[PDB]
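As a plain string of letters, each chain reads:
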Amino acid sequence: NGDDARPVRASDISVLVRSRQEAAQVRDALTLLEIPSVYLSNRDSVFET
Amino acid sequence: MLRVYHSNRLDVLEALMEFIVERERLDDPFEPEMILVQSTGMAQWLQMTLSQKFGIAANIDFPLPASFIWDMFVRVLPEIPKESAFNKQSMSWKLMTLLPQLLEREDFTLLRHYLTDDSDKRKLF
Amino acid sequence: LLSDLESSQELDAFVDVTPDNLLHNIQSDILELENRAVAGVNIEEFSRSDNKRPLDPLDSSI
Amino acid sequence: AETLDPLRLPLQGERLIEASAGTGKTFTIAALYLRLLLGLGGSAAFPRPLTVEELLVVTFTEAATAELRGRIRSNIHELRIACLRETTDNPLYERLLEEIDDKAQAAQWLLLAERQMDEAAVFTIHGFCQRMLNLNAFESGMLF
Amino acid sequence: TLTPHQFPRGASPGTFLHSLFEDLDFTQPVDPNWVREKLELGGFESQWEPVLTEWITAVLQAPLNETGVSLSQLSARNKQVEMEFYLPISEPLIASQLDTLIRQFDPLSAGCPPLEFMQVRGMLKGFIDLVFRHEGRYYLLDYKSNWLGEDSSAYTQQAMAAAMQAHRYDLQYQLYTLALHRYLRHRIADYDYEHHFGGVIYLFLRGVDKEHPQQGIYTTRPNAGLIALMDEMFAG
Amino acid sequence: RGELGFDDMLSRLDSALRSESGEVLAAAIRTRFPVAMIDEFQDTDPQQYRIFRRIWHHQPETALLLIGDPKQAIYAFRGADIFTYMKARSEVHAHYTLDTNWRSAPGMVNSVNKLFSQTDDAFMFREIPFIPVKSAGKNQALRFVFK
Amino acid sequence: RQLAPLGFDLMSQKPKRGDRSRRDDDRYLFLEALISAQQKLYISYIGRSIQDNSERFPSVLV
Amino acid sequence: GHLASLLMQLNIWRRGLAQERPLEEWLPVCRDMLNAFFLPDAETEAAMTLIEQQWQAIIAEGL
């Protein structure tokens with residue numbers, strides 16, 4: 001940005017999906033290549049684990 | 001006269017209170033020392049600190065200011081009942097009895113709209 | 001309301017607080033009814049910053 | 001569709017501001033809130049300054065209301081310090097400062113609003129409706 | 001024929017008896033309507049009402065301690081209903097140290113499997129039922145409802161003392177008397193203890209009858225050397 | 001039961017305003033809150049629009065600043081309506097639009113403008129004109145390099 | 001702690017000197033809490049919500 | 001059989017508690033409920049006395 005710079009970390013990437021099915025569909029492959037990901041719009045209750 | 005004490009901390013004020021009550025002693029040994037407070041915690045703290053200074057703090061009454069002023073009314077003026085006929089509860093029951101009679105009085109139209117639409121007396125209560 | 005009374009005979013006992021801690025600084029400013037907050041209307045005041053009270057970095061009153 | 005400058009907006013009737021993506025809805029709300037607080041604009045001004053408890057702002061989510069309340073109070077504090085110092089760095093505050101006629105009166109008004117911030121009128125729709133029904137329970141015909 | 005010896009046990013009936021002796025008009029005769037209404041409030045059957053009135057009028061005129069007899073003659077000027085006192089105990093109360101002087105001074109210190117407690121500092125909450133005077137000699141009173149003494153044989157002089165050793169009522173003696181002693185020191189200007197004390201009556205509320213001397217009334221005079229040493233132990 | 005829900009509150013205020021005492025209620029609300037700034041107007045309901053209409057649509061010495069963004073009404077399932085916004089846009093005579101764009105990259109704003117200006121009448125409705133926005137001056141040097 | 005008045009109360013329209021309301025009550029309790037603390041103070045508030053990691057502001061008093 | 005006794009009592013009292021009566025007739029209903037559905041223990045006497053006291057106080061101010 002101008003002259004300044006910073007390296008890309010894991011927190012600087014977002015992935016946008018429209019439903020929880022497709023969220024799991026990308027999360028499984030992302031974890032299969034070992035990329036730790038968290039689903040920020042998880043409506044899953046605690047008692048369903 | 002009436003004496004107003006200003007201070008910065010409650011310790012100085014409570015020490016002044018102890019100094020007064022040890023300087024001037026009550027005539028009747030069975031006469032309670034009435035101290036006006038508001039909560040229960042302040043009464044407890046005053047009792048514990050008075051006991052710590054004197055050795056025992058008993059025959060101390062802690063009334064609310066409303067009850068104290070009512071007792072002063074009873075003691076000074078006569079023919080006054082012990083408890084008034086105007087409380088929070090008895091006035092609510094009186095207003096239950098009185099409101100449907102007093103309705104339809106050319107000035108209670110908004111209350112008529114409030115009550116007379118439907119009631120299992122919950123709105124009225 | 002208290003100063004509006006007529007027959008009242010008013011007396012005080014205002015024990016002072018020595019300003020050393022941060023909490024005692026605040027309580028003393030409350031007691032003596034003053035205002036040590038620096039606003040900086042003029043630039044020769046707004047630039048320099050040695051007129052407020054110092055704070056001990058090991059002080060944990062507030 | 002006219003372009004918008006918040007220092008020239010007429011505060012009468014209805015105005016339909018269309019703020020696009022990544023544009024500063026919060027900034028526009030803060031600027032118009034300060035203008036409504038202090039009575040500025042001339043022709044584009046409300047005809048009286050307003051108390052902070054008479055500025056209804058209706059927002060979507062409770063977290064959004066909390067964020068908006070914090071933003072408005074912080075902007076009030078910065079503008080009050082700017083009015084006290086007669087100088088500032090933020091260009092919006094500079095435009096406001098050259099807009100204000102009486103800066104001491106502005107500082108007093110902003111001090112009162114900032115101290116009254118804890119009962120500001122920022123609600124969600126279901127909070128606003130419940131509060132107004134609980135106020136006018138006699139007209140609404142619903143319990144207390 | 002009902003009797004106080006046939007009155008049932010429990011703690012709520014004891015609270016009923018305490019509430020009956022809360023709000024009285026000792027000089028005035030008992031109102032039958034008022035006492036049956038109080039029995040209505042307590043959820044008892046109306047079959048016990050006349051024996052209740054007779055029991056109240058019997059205990060009202062009882063000659064408790066040969067002077068100040070017939071406590072229907074207790075003026076409201078010289079009564080004090082249900083005081084509450086806080087008594088500081090600093091310099092932690094060693095249980096064995098207190099039991100030593102309890103054994104030394106108190107004559108009722110024979111039945112002692114004592115000291116169910118550990119050293120506690122601070123204050124001491126306590127509620128005296130009634131403190132009153134009869135031309136000096138401030139009488140200390142505390143009503144107690146107690147066991148199903150089917151006949152008067154369970155309410156003798158010595159079974160009472162054995163039971164009060166069983167329930168450790170002697171600690172109640174010294175604590176209440178030290179409270180009243182220090183209170184009169186704080187209140188009455190320079191009194192002599194042996195001149196003005198006239199102390200303990202533990203009125204066993206059940207087991208008292210119409211015309212029966214020394215049935216349900218017990219009297220203790222503290223040794224007056226116990227109290228001073230104990231007060232010095234508390235405030236050393 | 002005596003309980004109440006959120007839709008119950010909205011419908012209760014709406015019917016109270018639409019009843020005979022609604023003029024009195026609207027006068028009270030006008031006097032108490034004589035200006036309103038509706039954040040996020042693009043997600044509204046016919047009930048809320050009718051409430052705001054009956055309270056602040058006329059009887060001047062009162063203002064009303066509906067702030068919204070019709071391009072982002074993505075809440076049809078929740079109960080929000082874009083046609084209510086279109087009706088309000090038809091009714092209100094004034095229209096305003098902010099110009100600059102702060103967050104995005106200067107090439108990125110141009111790319112989105114080109115993508116949505118691919119055809120005339122992009123959002124398949126006549127009442128939503130996609131006006132292009134210009135990038136902010138302070139961010140004319142954003143860059144991204146990948147090996 | 002918020003307690004809105006009843007609306008048709010006649011003290012809310014025209015107030016006077018000694019009138020008591022809950023907002024002024026709670027503010028004065030904060031002031032007396034600051035005064036009555038003799039040695040140390042400890043003010044703590046929730047900063048960020050643990051679910052969505054948003055921001056939640058302290059009170060106006062703090 | 002014990003459950004059916006419970007249901008018989010509940011049915012009889014849900015029939016009985018239906019009409020509207022003045023406060024003088026509302027006075028003994030609480031005592032009837034407590035001594036008809038509960039067996040007083042050493043623990044329960046405090047709560048039962050408190051409930052009877054509060055109900056009695058409400059109807060006492062009303063009367």
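Cut-offs used in this document
- Residues numbered from 1 in each chain as written, not as in the entry; some residues may be left out.
- Chains lettered and ligands numbered in written order.
- Part of a larger assembly, values for the part shown.
- Heavy atoms only, no water.
- Salt bridge = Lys/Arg side-chain N within 4 Å of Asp/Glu carboxyl O.
- Helix = DSSP H or I, 4+ residues; strand = E, 2+ residues; numbered from the N terminus.
- Axes fitted to C-alpha atoms, helices over the stretch in contact; angles between N-to-C directions.
- Parallel < 35°, antiparallel > 145°, perpendicular 65-115°, else oblique.
- Left-handed = near helix turned anticlockwise from the far one by under 90°.
- Contact = heavy atoms within 4.5 Å.
- Nonpolar A, V, L, I, M, F, W, Y, C, P; charged D, E, K, R; others polar.
- Buried < 20%, exposed > 50% of the residue type's maximum accessible area, 1.4 Å probe, protein only.
- Arc of directions from axis to C-beta.
- Polar contact = N/O pair within 3.5 Å; in protein donor to acceptor, adjacent residues only side chain to side chain.
- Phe/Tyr/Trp six-rings, centres within 6.5 Å; stacked < 30°, edge-to-face > 60°.
- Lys NZ or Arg CZ within 6 Å of the ring centre and 35° of its normal.
- Buried area = accessible area lost by both parts, 1.4 Å probe.
- Patch = residues over 30% accessible without salt bridge, like charges linked within 9 Å, V, L, I, M, F, W, Y side chains within 5 Å.
- Areas by Shrake-Rupley, 256 points an atom, 1.4 Å probe, with all protein chains shown as cover.
- Pairing = 2+ DSSP bridges.

- This deposited entry lists cryo-EM as its structure determination method and 3.6 Å as its resolution.

### Re the pattern of salt bridges
- On inspection of all chains with the given rule, the structure shows 36 salt bridges over all chains.
- With its nearest N and O atoms 3.3 Å apart, the salt bridge here joins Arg9(A) to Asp12(A).
- A salt bridge links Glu99(D) to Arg8(D); the nearest nitrogen and oxygen atoms lie 3.1 Å apart. Of this pair, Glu99(D) sits in helix 3 (residues 91-99) while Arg8(D) sits in the loop between strand 1 (2-3) and strand 2 (13-18); the two residues are 91 residues apart in sequence, bridging distant segments of the chain.

### Re the packing of helix 1 (residues 10-23) of chain B against helix 2 (residues 41-54) of chain B
Residues and elements named next belong to chain B.
- Axis separation between helix 1 and helix 2 bottoms out at 11 Å; the angle between their running directions is 55°. Our classification of the angle between helix 1 and helix 2 gives oblique. In this structure, helix 1 meets helix 2 at a crossing whose hand is right-handed. Along its contact with helix 1, which presents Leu-10, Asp-11, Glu-14, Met-17, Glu-18, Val-21 and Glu-22, the element helix 2 presents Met-42, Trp-45, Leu-46, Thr-49, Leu-50, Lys-53 and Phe-54.
- Broken down by class, the residue content of the contact of helix 1 with helix 2 amounts to eight nonpolar, one polar and five charged.

### A few points about the arrangement of the chains
- The highest contact count of any of the 12 pairs of chains in contact belongs to chains D and F.
- Without any contact between them, chain A and chain B keep their closest C-alpha atoms 39 Å apart.
- Between chain E and chain F there is no contact, and the shortest C-alpha to C-alpha distance separating them is 33 Å.

### Concerning helix 5 (residues 157-166) of chain E
Residue and element names in this part refer to chain E.
- Taken residue by residue, helix 5 has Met-160, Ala-161, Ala-163 and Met-164 as its buried positions. Down the axis of helix 5, the buried side of the element spans an arc of 165°, and every buried residue falls inside it. Exposed residues pointing more than 90 degrees away from the buried face of helix 5 are listed as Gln-158 and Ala-166.
- The inward-facing, buried residues of helix 5 abut helix 6 (170-187), strand 4 (200-203) and strand 5 (217-220).
- In this structure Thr-156 caps helix 5, since a side-chain oxygen of it lies 3.3 Å from the backbone nitrogen of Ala-159.
- Trailing helix 5 by a residue or two, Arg-168 shows a phi angle of about 55°, which is positive.

### Thoughts on the packing of aromatic side chains
- Going through the model one piece at a time under the given rule, you end up with 29 aromatic pairs over all chains.
- Ring centres of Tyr193(E) and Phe197(E) lie 4.5 Å apart, and the angle between their planes is 25°; on these two criteria the pair is classed as stacked. Taken individually, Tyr193(E) and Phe197(E) each receive the classification buried, so the pair is uniform in this respect.
- Members of the aromatic cluster, each reached through a chain of ring pairs, are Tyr114(B), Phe138(D), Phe144(D) and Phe8(G).
- The positively charged end of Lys94(B) is found above the aromatic ring belonging to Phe86(B), 5.5 Å away from the centroid.
- One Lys or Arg, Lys123(B), reaches over the ring of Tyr114(B) and ends 5.4 Å from the middle of that ring.

### Thoughts on the interface of chain B and chain D
- Contact residues are listed per partner, giving five residues for chain B and six residues for chain D.
- The largest share of the area that chain B buries against chain D comes from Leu110(B), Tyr114(B) and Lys123(B), three residues that together contribute 77% of it.
- Our count for the contact surface shared by chain B and chain D stands at zero salt bridges.
- For the pair chain B and chain D, the number of links is one residue pair in polar contact.

### Concerning a nonpolar patch on the surface
- Together, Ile26(C), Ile30(C), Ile62(C), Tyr28(G), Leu29(G) and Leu31(G) make up an exposed nonpolar region whose accessible area comes to about 520 Å².
- Of all the secondary structure elements, the ones that give two or more residues to the nonpolar patch are helix 1 (22-31) of chain C together with helix 1 (22-36) of chain G.
- Relative to the helices and strands, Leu31(G) is located in helix 1.
- Its relative accessible area of 35% is what places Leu31(G) among the partly exposed residues.

### What about the interface of chain D and chain F?
- Contacts between the two partners involve 54 residues from chain D and, on the opposite side, 56 residues from chain F.
- Summed over both sides, the interface between chain D and chain F buries roughly 5,500 Å², with carbon and sulfur atoms accounting for 65% of that surface.
- Ranking the residues of chain D by area buried against chain F places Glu14(D), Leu16(D) and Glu18(D) at the top, with a combined share of 16%.
- The tally of links from chain D across to chain F stands at three salt bridges.
- Between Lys71(F) and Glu18(D) there is a salt bridge, with the nearest N and O atoms lying 2.8 Å from each other.
- Summed over the shared surface of chain D and chain F, the number is 23 residue pairs in polar contact.
- Those elements that provide at least two residues to the side of chain D that touches chain F are strand 1, strand 2, helix 1 (25-38), strand 3 (56-58), helix 5 (125-135) and helix 6 (137-140) of chain D.
- Looking at which element gives the most residues to the side of chain D that touches chain F, the answer is helix 5 of chain D, with nine residues.

### Some details on helix 1 of chain C
- Within helix 1 of chain C the residues assigned to the buried category are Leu23(C), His24(C), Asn25(C), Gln27(C), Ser28(C) and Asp29(C).
- Two residues or fewer after helix 1 of chain C comes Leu33(C), characterised by a positive phi angle close to 60°.

### Quick word on the sheet that holds strand 5 of chain E
Residue and element names in this part refer to chain E.
- What the five strands build is an open sheet, ordered 1-2-3-4-5; its pairing is mixed. With partners counted over all chains shown, the strands left at the sheet margins are strand 1 (81-86) and strand 5, one partner each. Sheet twist, expressed as the mean angle between neighbouring strand axes with direction ignored, is 35°.
- Alignment of strand 2 (residues 125-132) against strand 3 (residues 139-141), held across three bridges, turns out to be antiparallel. Note that in strand 3 the partner of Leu-130 across the bridge is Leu-141.
- Here helix 6 sits on the sheet and contacts strand 1, strand 2, strand 3, strand 4 and strand 5; the angle it forms with strand 4, its principal contact strand, is near 135°.

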